[PDB]
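Structure first, then comments.
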Amino acid sequence: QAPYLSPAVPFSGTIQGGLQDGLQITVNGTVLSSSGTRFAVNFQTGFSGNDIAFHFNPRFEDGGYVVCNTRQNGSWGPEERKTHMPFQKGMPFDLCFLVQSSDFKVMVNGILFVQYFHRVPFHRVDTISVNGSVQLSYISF
Ligand SMILES: CC(=O)N[C@H]1[C@@H](O[C@H]2[C@@H](O)[C@@H](CO)O[C@@H](O[C@@H]3[C@@H](O)[C@H](O)O[C@H](CO)[C@@H]3O)[C@@H]2NC(C)=O)O[C@H](CO)[C@H](O)[C@@H]1O
């Protein structure tokens, strides 16, 4: 699939073919300095953000941590929290999501950061959405 170049945030874009085992999705952008304390990348079903298979949610709060969660029919599940922050306000990042049979493997600037075990079927995902305190250079596949 051709990349999305400099899309405005908040952004929502189709993942052509849906999520597939071995698919790699890169989000390349910059964390904003004066526009809040959180962003998220959502792997979701269509345009209701009510069904989000994987919400990846860095928070520049409390020393910095990342929330990983799933939303179903509007309701957020129990969070998994990673109490390390690999991003920095005002710095560019390369964020890579690799779909695997049982989990997502998430890399930041080339280094494995977290794995998120599938809670819902990943083949149901057809949309990536990004919002909060970031600007995007590209999303690629
Ligand atoms: C960045 C983003 O996508 N924000 C939208 C999203 O925000 C939710 C979501 O990140 C869930 C994930 O579990 O967490 C909510 O945060 C709360 C805390 O603020 C709360 O006080 O503690 C809770 C744990 O006990 C939880 O972590 C977060 N909500 C808010 C208000 O920030 O979804 C929202 C709608 O639910 C809204 O769309 C945000 O914009």
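We did not get these values from a lab; they are worked out from the coordinates using the rules stated. Quick reminder, even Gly has a Cβ in these numbers, built from the backbone with ideal geometry, and neighbours come from all protein chains shown.
Hey, can you tell me all the residues within segment 4-43 that are farther than 13 Å from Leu136 by Cα and either of a type in the set (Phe, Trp, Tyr) or within 16 Å of the ligand (Cβ to nearest atom) (or both)?
Matches in segment 4-43: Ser35, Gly36, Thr37, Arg38, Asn42, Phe43.
Is segment 45-54 home to any residue that is surrounded by 15 or more Cβ atoms within 10 Å (Cβ to Cβ) and among the hydroxyl-bearing types (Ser, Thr, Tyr)?
yes
Can you tell me which condition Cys96 does not meet? The list is (1) in contact with a strand residue (DSSP E or B) (Cβ under 9 Å, 6 or more places away or on another chain); (2) within 25 Å of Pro7 (Cα to Cα); (3) within 14 Å of the ligand (Cβ to nearest atom), and all the others hold.
(3)
Within segment 89-122, count every residue that is in contact (Cβ under 8 Å) with a residue 24 or more places away in the chain, surrounded by 13 or more Cβ atoms within 10 Å (Cβ to Cβ) and not hydrophobic (A, V, I, L, M, F, W, C).
Adding up the residues that qualify gives 7.
Of everything in segment 84-118 that's over 12 Å from the mean Cα position of the chain (by Cα), aromatic (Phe, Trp, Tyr) and outside any loop (DSSP other than H, G, I, E, B), which residue is nearest to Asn42 (Cα to Cα)?
Residue satisfying both the conditions and the ranking: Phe117.
If you take the residues of segment 44-69 that are among the polar types (S, T, N, Q) and near the ligand (Cβ under 9 Å from one of its atoms), which of them is nearest to the chain's Cα centre (by Cα)?
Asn57
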